[PDB]
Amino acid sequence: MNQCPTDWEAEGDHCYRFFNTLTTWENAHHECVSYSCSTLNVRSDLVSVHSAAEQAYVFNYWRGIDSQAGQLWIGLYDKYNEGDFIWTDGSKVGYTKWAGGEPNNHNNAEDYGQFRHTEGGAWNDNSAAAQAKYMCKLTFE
């Protein structure tokens, strides 16, 4: 039994939804936020990841459905303070899974976090021009 809205998947205290469409981090951020609902205090946002179980759940959900090589935008960013990656949903950043050599802020223009499709979804920072698939998460505040 779960109480997730239709088309959303239950794990723990949260609901998740994969969108199999290439888009920019900024557009994915709006798309996710667009599912919020103030009357039930539901905040929707890009996924934030807080444990190895949450990382795997999200990665396997994604790859269960998308077998193309490519990346998955997450809610991790350093736009407002270069070098300090935080979550858009305001949750704490205890869990990290950086790919080797990442984050590298490559050409001083990478502020937006994404899973790779390899190494269990190891993270990369990428640019505002780049495109990827995305995943949203509900928080019941």
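Heads up: residue numbers just count along the shown sequence, starting at 1.
- In this entry, 68-76 shows the higher mean Cα temperature factor of the pair 68-76 and 82-90.
- Checked against the record, the higher mean CA B factor of 44-52 and 100-108 lies with 100-108.
- Of the candidates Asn60, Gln114, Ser34, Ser38, the one whose C-alpha carries the top B factor in the deposited record is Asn60.
- When the CA B factors of the chain's modelled residues are split into thirds, the value for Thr6 lands in the middle one.
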